[PDB]
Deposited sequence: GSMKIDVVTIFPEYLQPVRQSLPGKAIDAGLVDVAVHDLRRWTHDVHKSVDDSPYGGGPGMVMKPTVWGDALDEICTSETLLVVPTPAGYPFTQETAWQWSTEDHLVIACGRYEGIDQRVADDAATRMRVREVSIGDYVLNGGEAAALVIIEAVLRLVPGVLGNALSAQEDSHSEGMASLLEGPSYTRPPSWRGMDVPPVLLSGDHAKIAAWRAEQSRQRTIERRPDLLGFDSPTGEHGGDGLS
């Protein structure tokens, strides 16, 4: 039902998620995740994936000729091409819900100072392209962002406001701290009102932006 292809110079980084897929979902053909080494599409004996930036500056830029060949082979007209980058649109739960009904995601993982912009611009003339940031911080490359996106999207695939407040379980008293007595009261309308107020307080303290 959904195919995900990931392209990276560090394919071992994605082995965790591959193994973590439920066997029943793979057997039922609901999901398939494949990982590809970008160096398969290099042109030279030194397997070069990067080169110096035009206009000067620090670091290196990933080569358009290598990426163009990789995406030509892996993508089709139905592909949603996902490019993690700290300069992207924000990736949120709404994004995850939208992508959860797609037939084919391809995730292009960059390194160094990113991928030559002509790769995305060319791809966008024949498929849908989405440059996205998973948060306001800088990573070394796109692989950890790909793990986050794969997890958040696939858990919404059929088969595979305010902040939530505190949770409790047994025992009822632990290291001098008792579970809030209202949760043991059997008054379920009161419990719901108590949880709402805990959620309001936590949102004011930790995420005033949400209000």
item: Stretches of the record's deposited sequence for which the structure holds no C-alpha atoms; value: 1, 162-178, 230-244
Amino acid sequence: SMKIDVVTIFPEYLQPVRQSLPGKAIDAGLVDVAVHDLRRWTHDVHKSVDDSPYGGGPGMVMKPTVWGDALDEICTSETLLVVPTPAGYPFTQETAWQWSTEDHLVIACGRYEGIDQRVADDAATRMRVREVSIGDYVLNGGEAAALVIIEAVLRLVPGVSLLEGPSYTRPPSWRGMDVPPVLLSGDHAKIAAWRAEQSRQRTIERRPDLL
From here on, numbers count along this sequence of modelled residues.
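Heads up, when I say rigid core I mean the largest set of C-alphas that superpose within 1.5 Å between the two forms.
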| item | value |
| --- | --- |
| Between 10-18 and 199-207, larger RMS Cα displacement in 9 other deposited structures of this protein after core fit | 10-18 |
| RMS CA shift, core-fitted in 9 other deposited structures of this protein, bigger for 110-118 or for 96-104 | 110-118 |
| At least a third of the other entries leave residue 64 unmodelled | no |
| Residue 160 unmodelled in at least a third of other compared entries | yes |
| Higher-scoring stretch by recorded Cα B factor average, 30-38 or 140-148 | 30-38 |
| Higher-scoring stretch by recorded Cα B factor average, 16-24 or 191-199 | 16-24 |
| Identity of residue with top Cα B-factor, from 183, 157, 70, 62 | 157 |
| Peak C-alpha temperature factor (PDB record), options 125, 85, 92, 77 | 77 |
| Lowest, middle or highest third - CA B-factor, residue 7 | lowest |
| Third of the chain's Cα B-factor distribution that residue 104 belongs to, per the entry | middle |
| Residue 162, C-alpha B-factor rank within chain (lowest, middle or highest third) | highest |
| Cα B factor band for residue 66 (lowest, middle or highest third within the chain) | lowest |
| Within-chain third of residue 113 by Cα B-factor, per the entry | highest |
